[PDB]
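1. Let me see the structure of the following:
(7 chains, ligands or ions: 7)
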Amino acid sequence: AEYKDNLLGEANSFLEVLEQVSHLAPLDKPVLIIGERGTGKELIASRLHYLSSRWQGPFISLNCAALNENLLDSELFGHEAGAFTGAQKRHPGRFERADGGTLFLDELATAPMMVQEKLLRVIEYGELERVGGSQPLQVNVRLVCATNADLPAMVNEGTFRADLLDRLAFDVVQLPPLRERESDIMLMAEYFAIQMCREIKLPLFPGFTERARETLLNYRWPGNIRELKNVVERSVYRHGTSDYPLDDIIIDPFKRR
Amino acid sequence: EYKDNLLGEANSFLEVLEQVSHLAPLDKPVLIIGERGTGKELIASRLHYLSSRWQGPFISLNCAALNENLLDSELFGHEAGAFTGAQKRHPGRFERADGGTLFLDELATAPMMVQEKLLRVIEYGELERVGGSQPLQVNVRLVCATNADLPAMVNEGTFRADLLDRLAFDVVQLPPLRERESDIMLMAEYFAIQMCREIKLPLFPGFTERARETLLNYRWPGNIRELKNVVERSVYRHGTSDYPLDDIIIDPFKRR
Amino acid sequence: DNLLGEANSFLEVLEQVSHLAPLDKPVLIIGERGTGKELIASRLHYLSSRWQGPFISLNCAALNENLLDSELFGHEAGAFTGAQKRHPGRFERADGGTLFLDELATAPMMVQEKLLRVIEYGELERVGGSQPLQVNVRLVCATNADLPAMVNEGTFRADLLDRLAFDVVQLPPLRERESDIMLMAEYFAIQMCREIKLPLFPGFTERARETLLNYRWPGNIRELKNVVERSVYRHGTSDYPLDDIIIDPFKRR
Amino acid sequence: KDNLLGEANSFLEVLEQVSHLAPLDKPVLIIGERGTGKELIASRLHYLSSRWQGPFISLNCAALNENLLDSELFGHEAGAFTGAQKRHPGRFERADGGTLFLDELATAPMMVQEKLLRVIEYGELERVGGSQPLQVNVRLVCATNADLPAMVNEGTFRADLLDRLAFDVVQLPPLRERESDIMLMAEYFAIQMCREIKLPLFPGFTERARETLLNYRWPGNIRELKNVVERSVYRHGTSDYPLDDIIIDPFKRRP
Amino acid sequence: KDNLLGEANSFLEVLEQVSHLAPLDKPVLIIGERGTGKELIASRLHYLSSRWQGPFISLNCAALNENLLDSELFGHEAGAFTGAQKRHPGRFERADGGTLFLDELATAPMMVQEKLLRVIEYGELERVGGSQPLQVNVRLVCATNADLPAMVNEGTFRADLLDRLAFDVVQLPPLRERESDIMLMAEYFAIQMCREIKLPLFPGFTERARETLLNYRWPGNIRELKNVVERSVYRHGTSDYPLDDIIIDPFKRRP
Amino acid sequence: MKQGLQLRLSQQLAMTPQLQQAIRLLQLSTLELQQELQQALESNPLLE
Amino acid sequence: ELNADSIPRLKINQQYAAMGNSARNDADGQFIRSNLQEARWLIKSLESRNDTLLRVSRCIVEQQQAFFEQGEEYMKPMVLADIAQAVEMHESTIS
Ligand SMILES: Nc1ncnc2c1ncn2[C@@H]1O[C@H](COP(=O)(O)OP(=O)(O)O)[C@@H](O)[C@H]1O
Ligand SMILES: Nc1ncnc2c1ncn2[C@@H]1O[C@H](COP(=O)(O)OP(=O)(O)O)[C@@H](O)[C@H]1O
Ligand SMILES: Nc1ncnc2c1ncn2[C@@H]1O[C@H](COP(=O)(O)OP(=O)(O)O)[C@@H](O)[C@H]1O
Ligand SMILES: Nc1ncnc2c1ncn2[C@@H]1O[C@H](COP(=O)(O)OP(=O)(O)O)[C@@H](O)[C@H]1O
Ligand SMILES: [Mg+2]
Ligand SMILES: [Mg+2]
Ligand SMILES: [Mg+2]
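-> Numbers count the residues shown, from 1 in each chain, chains lettered A, B, ... in the order given. Ligands and ions are numbered 1, 2, ... in the order given. Please see the structure below:
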């Protein structure tokens, strides 16, 4: 039906990952993504939510690292009454966001052991933890995961229990590295340059330099995110009135002179 | 025109102003590399002057000091949650000025969860709320300033790398008081005129070579705070003196 | 009003405080252990035209219920009979007269910054009663020996304190006017003897006076009054003079 | 009458200092080991003070939680209270003209102590629901076992407030230090228990018992005397013959 | 009176000390080891105490929450706060002069001892903002599965809390220490289990089991003995079974 | 910031339910509300 | 407008109010003050009705165009409590 815009690249690994996502799309099982920092695993997860979930299924992007107070993390589970300073109205909504949908998280490494254990004791049985006194709800919610650290690495560290690590990781979706892609990286760079030229509302073509491409190849670019491409496009944007830009700045503090 | 507050005659200052004008035409996150007492929203004032929402001034008010829980509450405020009652989104940072540019300061003290919320703010992201779901999306640009080198903090693992990078779309370096040497006399004269107006002094009676030498020898940590203190001392003294009165300095403690 | 120390530097500071008293500018000065600068400023305000005005002095250490803004504007309607016997509020009492502030070092820094902002804006509002403030009545505060380093350390907002007071009261040295301190001690001893219904002052040995100089009076008048009181009470008689000086109330025997 | 023990010459000087303190309405602090009973001494002094017929406030420090002065100390007799509004008596208000003893005041919150000291020095009730704060002539007393000299230096209490809160603070000599009222207290407690336990008479402390008492370090002081009486309660089973070893330490284990 | 006496010399001495202390209403402390049963010994003593026709109701010490320590100490008069349901029954008020046998005394927090400091005083039940404290002398008694003198050395508890115990701390001998009625206790426990296991009779496991227990540390002094007996009975599930090959090591893992 | 049943803040509002307020709502009686308003204005002295 | 022309918006007689303000008799002045209080109550009622109408119109327009374009068969469920929460007014008032 509707396809989100994606960068064009000759990366058969990306196509295989897409095909695997399509295969797991009819399936309703936990999905784990091995995406590193800046790999845009969130975009892949959303694309899955387009197909893996039922059409127009609820989606929610809550990061456990974003949680401020572990008490609020408890509040992330529904509270009936008598919680916190004001118990007048209580609706966590996260389980409501969970209900009729999937669960997507990023960098699930930082969670406290209790948080992870509660998550296991909720997901595996399907029942919902309630902060206030109430019968738990067996909300049918899928689970999708995307983290940088190796699952065996945490197992050696012991952060995730064997039951928790296993039941958490049913399918593995390795995200290709940006440094892994070279030609597909260049094609996606050109596509992002075109998109940025459209966004900046500049009719003139952006243009590129061979030395700039060589330097970009030299750049580590650990994050395959549009953010690194956006930084490149901003370095281009610092130059104007020339059909093809020359050179670029790695960082604003860099080359301050 | 925003009264052209803190008119910096420095060529580097002019280039920074032009860059800020370019950024204000844009509506994307931008980083302001500032220092304590330097560029205290003066660049933000220029940005509001050149803001795309020129008619509708942005919230600005980047400077803020609060506790960790307090900063988190400033991020997310719900009427039922927390101690305060019947006030949801009491900070209302995005509610302060629709669009415009969200302005932040002292991001170093922000927690890892706070930094993650900041990162989600940098990209297209939903509002923060203690309870319920916040599908409400208010588009607004991002501005921020801290006095530290966040590259070290990321290297030290004290802030989110993604937040540091995405926020650092284009870092706006700032010059400190020590950077301003030739324009210091002009800033002193402008502050003297402003003080004479505010203190009802007839005019700036004049400076002294000893006063200028002392001001130069002064550390002057603040770009304008040192200038402000010097101006206040000179206004208080010369208002009765009606003369340069050598150098009038302000010290928190006085002995003999 | 009442007898006070009269050190030369203290005399100059008192003259300056009296000169500033006619102006209704806000007052916020750091205070020593003996302090008394607040009392001097109060006497100056009594001398100035600010006299006969309200002199509400709130030691900002106790917060009741929400307080904060509700503390600032205590007129709260609802959950009551529909009429309040006396709910003017801190701002209303501050309006029309001198507004002294105490226990401010431990008061919330946010509370202080909000009060300083209201010092110009005056955006007072409450369910029981609201007012645009801007009463222009003079304000006073007790910084309580606040360190500017703490503002540099960030414990308290530097701008919040700077906008509050453009000027402050200096602290005279405790060493100054040591002989007059003996006179103040004698006056306090006479007052206590009248209070204790003592017959008369039996006198003091010069050695005890020299020992008092050695103690250096760390609490200044505050320490001196306590030391004199302890000496009189331990004397327990007015037959002969006292030649014993106790540096501290804590002692071993 | 109410006063007990005091046979020591240091205790005599303490009684003289109490007589001197009676002239001054200013509050003071009583210092002594656990079980000192200096609180009872202060209460007897207040009875012998100007208000011969007056109230007294026990007012233990760790009895008010999450409550300001106007909840139990000052009270909320006025309306406009949080939620429901009603009359509510206050201990500090009700005790005016009487005695307001603080039981173990050293173990009180530091900021709350600072606020209380600021209120006391000013002498204004403030609070809410009242037209006039006025002043109270209640006798402010305190008695504990801790040593403030170290806690104040450690920041456990406000130094300036402690200096203001301190006027005629005195430390009673240890009961173990006196080592004289041993026999007197032993006889008094023996009579009290024999009356209480309905015993025919006091069996008496033998020479070994007296030697043990003399050698006793007596960390509890008067409380150690109470412990000795409790041990003699076991010796009450031996009321037929003189008690050989009345002294006992509960920490040690028999057989 | 529904407690099986140890029927041993040390047990008989403990029962005698309990009977001697039964008329005495002063505070008590129990230093019996793990699995002592003083929860039942003190109850039987209260049944045989002076206030036999008295309302005796114990309560758990560490069970009280951190937020409402004052509420546990005494019910708030409801003059203030959202509460509008008069005064809750205070701990001393709930006791009403009866037995309030303190369990889990060792695990209390510092604020608990701080409240007990006031509780040391006779009666004086002062609610939240009440008129006047009420004197309620209730039989006080404690127990400590941990070592109270060791705690005092560590300083976790208060010295006044140590002073709270008015009588000697009765201590139960270890199961290894007594080992006297182990056979008879095992027989009674086996009979009780067989009645519970719906077996009219069953050969008890005592052949070499007494020797094994003599070789056993038996930390679960009263509990684990009967627990193991019942476990072995359930595993065997047969009456015509000799008293052999019966053992319980639930923590250990069989091959 | 997760303590429970702490010190209660003083209520600074009331329900103030008045039959006048309910009649003011009029359940949005519209033309019926117009007729009621006319009747009241006739009963109200110095009205219109 | 929800028949703003048909809305009564009636007001008390200002001339009679001035006459009541100028009434010599103290009791007559008190009666006039009571009538003025009643008129202020009526004005508050009318203003509240108008404000409720405007808020309800805004809340409906938040989704009415979507329903109108989508069609009757494409009608999303509507909750009175949800509408009141969106308007932030009392749910019983909205009902
Ligand atoms: N194949 C792709 N085509 C276009 N954009 C991509 C692609 N992969 C990643 N991105 C971009 O990377 C950005 C961030 O990616 P990602 O790292 O998945 O987000 P997160 O930081 O939440 O993990 C997204 O805005 C997305 O546009
Ligand atoms: N100049 C003075 N004359 C008379 N009494 C003084 C003088 N200075 C200080 N005192 C006494 O010392 C005490 C200091 O009290 P205060 O000013 O409240 O101290 P602080 O302000 O440091 O808390 C006062 O009670 C006052 O009686
Ligand atoms: N003056 C005294 N004479 C005799 N016994 C005393 C005296 N003072 C206290 N006691 C005894 O010591 C104990 C008093 O302890 P308490 O009043 O709690 O002391 P504290 O001052 O440490 O609170 C009681 O056993 C009491 O009989
Ligand atoms: N004399 C006894 N006869 C029978 N059972 C006993 C006896 N003493 C203790 N018990 C058993 O001990 C258990 C109580 O545990 P207890 O020893 O009170 O733990 P604690 O001493 O740590 O409070 C009861 O189930 C009871 O059956
Ligand atoms: Mg992400
Ligand atoms: Mg003071
Ligand atoms: Mg037990």
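2. So residue A:22: helix, strand or coil?
-> Classification of residue A:22 by DSSP: H, G, I helix; E, B strand; the rest coil places it in helix.
3. same thing with residue A:191?
-> helix.
4. so how far is residue A:84 from the closest residue to residue A:70 other than its chain neighbours?
-> Using Cβ to Cβ, 6 or more residues apart in numbering or on different chains and skipping the chain neighbours, the partner closest in space to residue A:70 is residue A:112 (6.3 Å). Where you see a C-beta, it was placed from the backbone N, CA and C, and this is true even at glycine. Using Cβ to Cβ, to the nearest Å, we find residue A:112 at a distance of 19 Å from residue A:84.
5. neighbour count winner among those two?
-> In this view residue A:112 and residue A:84 are compared by other Cβ atoms under 10 Å in any protein chain shown, and residue A:84 has more residues nearby, 23 against 13.
6. these two touch, right, residue A:106 and residue A:44?
-> No: taking contacts as Cβ atoms under 8 Å, residue A:106 lies outside contact range of residue A:44: 11.5 Å.
7. Which neighbours do the two have in common?
-> Shared contacts of residue A:106 and residue A:44, defined by Cβ atoms under 8 Å, 6 or more residues apart in numbering or on different chains, comprise residue A:146.
8. quick one: the residue positioned nearest the centre of chain F from residue G:81, how far?
-> Nearest residue to the geometric centre of chain F (Cα atoms, centre = their mean): residue F:21, 2.3 Å. Residue F:21 sits 21 Å away from residue G:81 when distances are taken as Cβ to Cβ.
9. got it, and residue G:89?
-> Going from residue G:89 to residue G:81 by Cβ to Cβ gives 11 Å.
10. of those two, who's got more company?
-> Higher neighbour count among residue G:89 and residue G:81: residue G:89, with 16 against 11, using other Cβ under 10 Å.
11. residue in chain A nearest to chain C?
-> Minimum separation of chain A from chain C (Cβ to the nearest Cβ) falls at residue A:85, amounting to 11.0 Å.
12. Tell me how many other residues crowd that residue.
-> Applying other Cβ under 10 Å, we find 20 residues neighbouring residue A:85.
13. residues touching it, list them.
-> Residue A:85 neighbours (Cβ under 8 Å, 6+ apart): B:82-83, F:1, F:3, F:6.
14. quick check, it in a helix?
-> No: counting by three-state DSSP, residue A:85 is not found in a helix; it is coil.
15. how far out from the middle of the chain is stretch A:221-231?
-> Here stretch A:221-231 is found 14 Å from its chain centre; the criterion is Cα atoms, centre = their mean, to the nearest Å.
16. Next one: that stretch, is it in contact with ligand 5?
-> No: using Cβ under 5 Å from the ion, stretch A:221-231 never reaches ligand 5; the gap is at least 8.4 Å.
17. Identify the residues contacting that stretch?
-> The contact list for stretch A:221-231, computed with Cβ under 8 Å, 6+ apart, reads A:36-40, A:175-179, A:181, A:185, A:188-189, A:192, A:196, B:162, B:165-166, B:169.
18. Buried residues, it. List them.
-> The neighbour-count check on stretch A:221-231 (16 or more other Cβ atoms under 10 Å in any protein chain shown) flags A:221-231 as buried.
19. Compute the first-to-last residue distance for it.
-> Stretch A:221-231 stretches 10 Å from its first residue to its last (Cα to Cα, to the nearest Å).
20. Quick one: neighbours of residue 20, just the number.
-> All of this refers to chain A. For residue A:20, the neighbour count with other Cβ under 10 Å is 15.
21. looking at chain G here, not the other one
-> 21.
22. for residue G:11, same thing?
-> Counted by other Cβ under 10 Å, the residues lying close to residue G:11 total 13.
23. Point me to the residue of the stretch 51-200 of chain A nearest ligand 5.
-> Proximity to ligand 5, evaluated over the stretch 51-200 of chain A using Cβ to the ion, is greatest for residue A:106 at 4.3 Å.
24. What residues are bridge-paired with that residue?
-> Beta-bridge pairing of residue A:106 under DSSP bridges involves residue A:146.
25. Quick check: nearest residue in space to residue A:11, chain neighbours excluded?
-> Per Cβ to Cβ, 6+ apart, closest to residue A:11 is residue A:184, 4.0 Å.
26. Contact partners for that neighbour?
-> For residue A:184, the contacting residues are A:9-11, A:14, by Cβ under 8 Å, 6+ apart.
27. rerun at 10 Å
-> Residue A:184 sits next to A:7-14, A:176, A:178 when contact means Cβ atoms under 10 Å, 6 or more residues apart in numbering or on different chains.
28. Next, the one residue sitting closest to the centre of chain G: secondary structure please.
-> In chain G, the centroid-proximal residue (Cα atoms, centre = their mean) is residue G:49; its distance is 1.1 Å. Here residue G:49 is recorded as helix under three-state DSSP.
29. how near is it to residue F:23?
-> Applying Cβ to Cβ to residue G:49 and residue F:23 gives a distance of 11 Å.
30. Overlap in contacts, the two.
-> Residues touching both residue G:49 and residue F:23 (Cβ under 10 Å, 6+ apart): F:29, F:33.
31. For the chain, just list every one of the helices.
-> Using chain A here. Using DSSP state H, the helices found in chain A span residues A:12-24, A:41-51, A:70-76, A:94-98, A:113-123, A:151-157, A:162-168, A:183-199, A:210-218, A:226-237.
32. Chain G, not that one
-> Counting by DSSP H, the helices of chain G are G:14-21, G:26-70, G:80-87, G:91-94.
33. Distance to residue F:48 added to these, as TSV?
-> Output for those, formatted as TSV (distance: least, Cβ to Cβ, whole Å):
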stretch	distance to residue F:48
helix G:14-21	10
helix G:26-70	10
helix G:80-87	32
helix G:91-94	27
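34. Please identify which of the ones you listed is closest to residue G:5.
-> Closest approach to residue G:5 among the helices of chain G (Cβ to Cβ): helix G:26-70, 13.1 Å.
35. Look up how far residue A:33 lies from the one residue in chain G that gets nearest to chain A.
-> Nearest residue of chain G to chain A (Cβ to the nearest Cβ) works out as residue G:85 at 10.3 Å. Residue G:85 sits 36 Å away from residue A:33, taking Cβ to Cβ as the criterion.
36. Check residue A:181 too.
-> According to Cβ to Cβ, residue A:181 stands 17 Å off from residue A:33.
37. Those two: which is more packed in?
-> Legend: neighbour count by other Cβ under 10 Å for residue A:181 and residue A:33, higher for residue A:33 (25 against 21).
38. dump the residue contacts of the more buried one.
-> Residues in contact with residue A:33 (Cβ under 10 Å, 6+ apart) are A:17, A:21, A:39, A:41-42, A:44-45, A:48, A:104-106, A:144-147, A:171-175.
39. let's see 6 Å
-> Counting by Cβ atoms under 6 Å, 6 or more residues apart in numbering or on different chains, residue A:33 touches A:41, A:146, A:173.
40. Now distance to ligand 2 and neighbour count too, for the residues you listed, in TSV please.
-> Rendered in TSV, the data for the contacts of residue A:33 read as follows (distance: Cβ to the nearest ligand atom, whole Å; neighbours: other Cβ atoms under 10 Å in any protein chain shown):
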residue	distance to ligand 2	neighbour count
A:41	61	25
A:146	60	23
A:173	68	20
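41. Give me the number of neighbouring residues for the closest residue to chain C within chain G.
-> Of all residues in chain G, residue G:37 sits closest to chain C, at 14.4 Å by Cβ to the nearest Cβ. Residues within reach of residue G:37, counting by other Cβ under 10 Å, total 10.
42. Check the spacing between the residue of the stretch 51-200 of chain A closest to ligand 5 and residue D:152 real quick.
-> Distance, residue A:106 to residue D:152, using Cβ to Cβ: 51 Å.
43. same check, this time on residue G:17
-> Look at residue G:17 and residue D:152: by Cβ to Cβ, they are 70 Å apart.
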